[PDB]
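To keep things clear, I will list the structure first and then write my remarks on it.
All of the numbers you see were taken from the coordinates with simple rules; none came from a lab. So basically every Cβ, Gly included, is an ideal-geometry build from the backbone, and we count neighbours across all protein chains shown.
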Amino acid sequence: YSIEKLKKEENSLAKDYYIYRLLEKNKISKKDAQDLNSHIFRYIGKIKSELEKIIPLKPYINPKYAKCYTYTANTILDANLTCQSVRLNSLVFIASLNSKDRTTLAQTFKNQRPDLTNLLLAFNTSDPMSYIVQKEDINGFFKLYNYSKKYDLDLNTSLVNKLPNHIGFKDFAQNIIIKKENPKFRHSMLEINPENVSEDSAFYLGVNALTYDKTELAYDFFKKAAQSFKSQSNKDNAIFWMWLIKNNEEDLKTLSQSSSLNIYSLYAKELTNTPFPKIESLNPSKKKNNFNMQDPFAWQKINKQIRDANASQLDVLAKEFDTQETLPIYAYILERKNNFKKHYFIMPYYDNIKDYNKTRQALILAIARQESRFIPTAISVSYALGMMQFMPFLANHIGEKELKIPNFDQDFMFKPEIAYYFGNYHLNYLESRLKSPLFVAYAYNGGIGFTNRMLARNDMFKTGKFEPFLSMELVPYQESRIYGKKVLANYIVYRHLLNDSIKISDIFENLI
Ligand SMILES: COC(=O)[C@@H](C)CO[C@@H]1O[C@H](CO)[C@@H](O)[C@H](O)[C@H]1NC(C)=O
C-alpha cells in the first residue's frame, strides 16, 4: 500500500498501522508528511514520534496567553496579573521562582486565588507537602503529588477522608498501593471511611487494608466495592474477598450464582458443588459469505458498524455473518447482541491446533480469546497483530531468525495458521520457564522479564493467609493484572470444553 492508496481509506487503526510501516521504512517524504496527521486515527505513541522526526510540531500555545510565555522566573513580576496566574499553574515554574518573589506573589493572590498562595508559600519551606497537608488544601495535595511522587507524610483522619472527592484519588490510591510506594500515605488511608469511597477505590482500599492485616476494615471496603461496582465481574471479585475474610456462606452462595463467568464465580461454583456454567454452542450451517477475513480494512469498517449498531441492526449483521468462515465475527456480534449475558468460547481454525495436547490447546485458545476474540486481522493500539496479537518485533524474530520462513512478512500474523503456530512456539518458551498458565499469561502480556522480577520478590506468590489471591491483586501493572485473571478463566473453560477438566483449586495451589 502506497501512501496515496492509504489516504483513500477511512481513518482507522489499520490505516495507522500501514502508515506506521511506511514511516519505519523511511518511505514517507517530508512532502508526504505535510497533511498526514489528518489521516491518522490515533495520533499517539510511535506513529506520533516517527511523524515528528519528519515534521516537528511547534504547537500549542493558546494565542490568548502567548505573551504570558515570554516571561521567565526572572521577569514574572513584570507580567500583568492574568499572565502571572497562568504561569503559576505550573509547580515547576513555582519551584523555580526565588523565595522573595514567591512571598510577593502569595500576597498578591491571597484574596482571589488562595490555592496559588498556598503553593507559593509551601515552596518557601523545605517540605511543600507538609505545608499543603497542614492547610488541608486538597487540590494542592494532588498537584504536589503529580509534581513529585517522592513526597510522603502521615495524613490525619479528616484529611484522608477529603481525598476521595477529588478526581485524582482513584489513580493515586491505585498507584501507591500496587507499587507499594508512599508508605505513610498508604498507612494513613486505613482511616478512610468506607462510606466516602466506592467502586475501584473502595476495592483498592480493601487490598491496602489486607496488607496491614486490618481484615475488618478490609471487609468493610470490599463490601462497599461489591455494592457499588458497575460490572458484575468486579462485583464478584469484591464478594470473593468478603467471603475469604469473614466466611459468610451467603456471600459464597451469591458468588456461585453469578451471571459473570470469571475465576471467582468459577471457584465459588467448584467450592459449592455447583455445575459448571453453560457455554453456548455456535455451529453455523452456512459455510461462507463474501467477507474477506484477511482484509484488515474490512474488519475496521465492520467493527465500527457492529459497535455503533442499535439492537435492531445487530440482528441483520448476526444473520449476515452466521457462517463458518466468519464465525469470529458472528460470536463477536452475538456477544454484544445478547448484552454480554451468554458465554461464547469458540474454537475457530481448529485444524491448526487439534494435534497439540488438550492442555496446550486450551492455553492457546484462552490467550487468543482475550487478545483478539479470534479476529484474524486484529490490530491493537500498539500495532500488535492477528489472533494472538504478536508485536511486530517478536513476530519478525520468530518468523525470520528462528523459523526462517521464506518471504516472511509480519503481516503473516494475520493468518490463523501462523498466529496459532507462533503462539504455540512462544507459549512453549514461556511455559517451560514459568509452568503455571497464570504466570504464562502474565509473561505473554507483560514480558517474561517483569514476570520473573515479580516472582523473585519475597512478598509475591509465596505462602500466606490470603495467598495466592492477594498476590494476584498486587501484580504491579494493571493491564497484566487484569489480563491474567481473564486468561485464567478462559483456560479453565477451554480445558472443560475439551474434556480435559482441571479444578481451579489445583491451579491456585500451584501458584504458591
Ligand atoms: C479493544 O479490545 C479488544 O478488541 C479486546 C479483544 C481486548 O483487547 C486486547 O487486550 C489485550 C490486553 O488485555 C491486548 O494484549 C490486545 O492487544 C488487545 N487486542 C486488541 C485487538 O486491541
(message) At 7 Å along Cα-to-Cβ for each site, give me the label-to-label distance between residue 253 and residue 408 in nm.
(response) 5.7 nm
(message) Could you tell me the relative contact order of the range 255-313? Use alpha-carbon pairs under 8 Å, at least six residues apart, and round to a whole percent.
(response) 17 percent
(message) When a/c reaches 1.5 or more, the comparison of a/b and b/c decides; with that in mind, is the range 285-366 rounded, prolate or oblate per its Cα gyration tensor?
(response) prolate
(message) I'd like the projected area of the range 318-453, averaged over all directions, using the convex hull of its alpha carbons. Report it in nm² with one decimal.
(response) 9.3 nm²
(request) Based on the mean of other Cβ atoms within 10 Å per residue, sort peptides 100-107, 337-344 so the most packed one is first. (result) 100-107, 337-344
(request) Using a/c under 1.5 as the rounded threshold, could you call the chain rounded, prolate or oblate? The axes a ≥ b ≥ c are square roots of the C-alpha gyration tensor eigenvalues, and prolate needs a/b larger than b/c, oblate otherwise. (result) oblate
(message) Taking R0 as 41 Å, what FRET efficiency do you get between residue 99 and residue 61 from their Cβ-Cβ distance, rounded to the nearest 0.05?
(response) 0.90
(message) Quick check: the distance between the Cα centres of the range 319-358 and the range 26-63, to the nearest angstrom?
(response) 38 Å
(message) If packing is taken as the average count of other Cβ atoms within 10 Å, what order do 299-308, 454-463 fall into, highest mean first?
(response) 299-308, 454-463
(request) With the Cα gyration tensor of the range 180-324 in hand, convert its eigenvalues to equivalent ellipsoid semi-axes via √(5λ) and list them largest first in whole Å. (result) 42, 21, 13
(message) Per 0.36 nm of contour for each residue apart, how much would the distance between residue 288 and residue 381 grow if the chain were fully extended, relative to their Cα-Cα spacing?
(response) 30.5 nm
(message) Counting C-alpha atoms alone, how compact is the range 153-201: give Rg to one decimal and Dmax as a whole number, in angstrom.
(response) 9.9, 26
(request) With viscosity set to 1.567 mPa s and temperature to 4 °C, compute the Stokes-Einstein D of the range 101-189, Rh being the Kirkwood radius across alpha carbon pairs; µm²/s, no decimals. (result) 96 µm²/s
(message) I'd like the distance separating the alpha-carbon centroids of the range 230-248 and the range 73-89, in whole Å.
(response) 52 Å
(request) Calculate, in nm to one decimal, what residue 69 and residue 428 gain on full extension: separation in residues at 0.36 nm each, minus their alpha carbon distance. (result) 123.6 nm
(request) Would you calculate the separation in nanometres between label points at residue 500 and residue 25, each defined as 7 Å from the Cα along the Cα-to-beta-carbon direction? (result) 3.9 nm
(message) How high is the relative contact order of the range 352-460? Use alpha-carbon pairs under 8 Å, at least six apart in sequence, and give a whole percent.
(response) 19 percent
(message) Quick one: 3J(HN,Hα) in Hz for the range 465-473, Karplus 6.51/-1.76/1.60 with θ = phi - 60°, rounded, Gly and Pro as x.
(response) 3, 10, 8, x, 4, 4, 4, 4, 7
(message) Which residue, 80, 340, 243, has the largest displacement toward the positive end of the dipole of the chain when charges sit on each Cβ (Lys, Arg +1; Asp, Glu -1)?
(response) 80
(message) With +1 assigned to the C-beta of every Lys and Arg and -1 to the C-beta of every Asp and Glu, and no other charges, what is the dipole magnitude of the range 181-274 about the Cα centre in debye, to the nearest 20?
(response) 100 debye
(request) About the Cα centre of the range 1-121, how large is the charge dipole given +1 on each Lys and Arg Cβ and -1 on each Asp and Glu Cβ? Please answer in debye to the nearest 20. (result) 140 debye
(message) To the nearest 20 Debye, how big is the dipole of the range 399-489 about its Cα centre, given +1 on the beta carbon of each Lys and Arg and -1 on that of each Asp and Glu?
(response) 400 debye
(message) With an 8 Å Cα cut-off and a minimum separation of 6 or more residues, compute the relative contact order for the chain in percent.
(response) 9 percent
(request) Give 230/337; 135/462; 180/246 a once-over and call out the pairs whose C-alpha atoms are over 31 Å from each other. (result) 135/462
(message) I need the shape label for the range 411-512. Rule: rounded when a/c is under 1.5, else prolate if a/b > b/c, else oblate, with a, b, c from the alpha carbon gyration tensor.
(response) oblate
(message) Using amide H atoms built in the peptide plane, which far-off residues or other-chain residues are under 5 Å from residue 390 H to H?
(response) 385
(request) Go ahead and estimate [θ] at 222 nm for the chain from helices alone: -39,500 (n - 2.57) per DSSP H run with n ≥ 4, summed, over the residue count, rounded to 500. (result) -16500 deg cm²/dmol
(request) At 7 Å along the Cα-to-beta-carbon direction for both residue 174 and residue 359, put a label point, then send me their distance in nm to one decimal. (result) 3.4 nm
